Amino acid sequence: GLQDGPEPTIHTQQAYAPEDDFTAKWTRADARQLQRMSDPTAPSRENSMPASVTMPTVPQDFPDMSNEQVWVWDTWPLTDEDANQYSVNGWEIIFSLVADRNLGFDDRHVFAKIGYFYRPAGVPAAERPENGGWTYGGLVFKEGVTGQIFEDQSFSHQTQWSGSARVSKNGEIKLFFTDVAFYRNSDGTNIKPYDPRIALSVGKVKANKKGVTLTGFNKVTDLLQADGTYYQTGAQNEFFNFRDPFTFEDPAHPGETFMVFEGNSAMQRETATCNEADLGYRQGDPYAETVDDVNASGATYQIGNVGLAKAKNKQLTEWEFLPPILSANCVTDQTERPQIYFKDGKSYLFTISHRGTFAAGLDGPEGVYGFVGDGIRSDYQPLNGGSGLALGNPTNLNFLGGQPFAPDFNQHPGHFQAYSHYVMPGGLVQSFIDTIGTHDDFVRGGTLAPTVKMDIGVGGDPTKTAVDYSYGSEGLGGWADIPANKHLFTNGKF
């Protein structure tokens, strides 16, 4: 099922110490496996990617989870150190990026705020309302709280971007998020590079038959900002990426807490260079590229990475940067919302990427990219023939991808059907709808897609994944289905 092309880079999956300076590479040889898996003959508007690594097609006639109260995108459940998802006092609880529904959908990122939703626990997806049955609890933060941490109070915009939320046995919520200040002119041009920081706010859940409210979240702790040695700063790159904290405990490292997040490789933007390891070709491969050609191609502007940090105290208020665990130099600018998923003694690193963010020479669908190894720092093996693709939107890779605000004439109408995928226990994947439809008949989402099922480690092979098309209806589960697998009871009432 593979078009002729380069062999994938040999990865060993060998574990290293979390403190080691080893950084796994998702190589150009690896990423070129995506084109090899693509069917070059796929007709207009048909998916060219294998069905087993393609998200089931989402109906253009979709429900809205908030009844159009707000735009909703990146969503996370309430988790413990093993990423189990929780209900509290009979309520499933989630956090989402939200914005005023009056905004143009594409203008919402600089008005982003974290809200929460709740719904009764223990109702099967088929018994719930079509739209998932969530209640919008409103915003997590009072106005002016998240601005606390910024010395420069001259920002034109101040937002809360994605993260994660930990719940203790005693009902305490530690919300890890991206706290962002923007310094923009009225047309959007920067006055100085934006300021995204990894941050923490602590609060409490109050829940009974009336619903869920939150208390606390009045103080914000500034945990991490880009350093310039491991993770690219604003001075190195005006549009550097630094966001999306996911915390966890590594079974291999008892009694410590780690965090993954999105960054870029710490290189000056306009003088960034790639090397032989970034290309990752086997000696003599007839399809190998030269370092000079790649460096001349423009691919050097795509230098995303996945970072690691280790907590310095039990309160998780102090963190230490560790070297990056994955770099995609000359492959992609954006490895977003990383998470570490633990299965059968392996460490799965899952991350999301756009189609447009791939480097020159490369191409792949919007969706979930994944990597397996024997430790949180390992010589990670990109999933599915070394390509990295776990779960892509249906995509004809033979035609231009277009944009979510202007779909391409020849593209599959589900090209942008989902983003910010998150892999839940049992391989259930939740995501939000960006765009569904053809070039002249499309709609914007800003609500969650149907939850789907990805089987991880198909056959006896931990490097392989496959969509389960028998799940729900033809592969599509409940709209906005973010089910709890653990249940907590606490003092919090209101």
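Numbering starts at 1 and follows the sequence shown.
Look at the C-alpha B-factors of 375-383 and of 271-279. On average they run higher in 271-279.
Mean CA B-factor, 108-116 versus 122-130: the higher value falls on 122-130. Comparing the listed residues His157, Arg243, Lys169, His415, the entry records the largest Cα B-factor for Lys169. When the C-alpha B-factors of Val294, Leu200, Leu78, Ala390 are ranked from the entry, the top spot goes to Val294. Among the modelled residues of the chain, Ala449 sits in the lowest third by CA temperature factor in this PDB entry. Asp363: CA B factor in the middle third of modelled residues in this chain (values from the PDB entry). Among all modelled residues in this chain, the alpha-carbon of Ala42 has a temperature factor (C-alpha) in the highest third. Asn396: CA B factor in the lowest third of modelled residues in this chain (values from the PDB entry). Annotation for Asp440: CA B-factor lies in the highest third of the chain's modelled residues.
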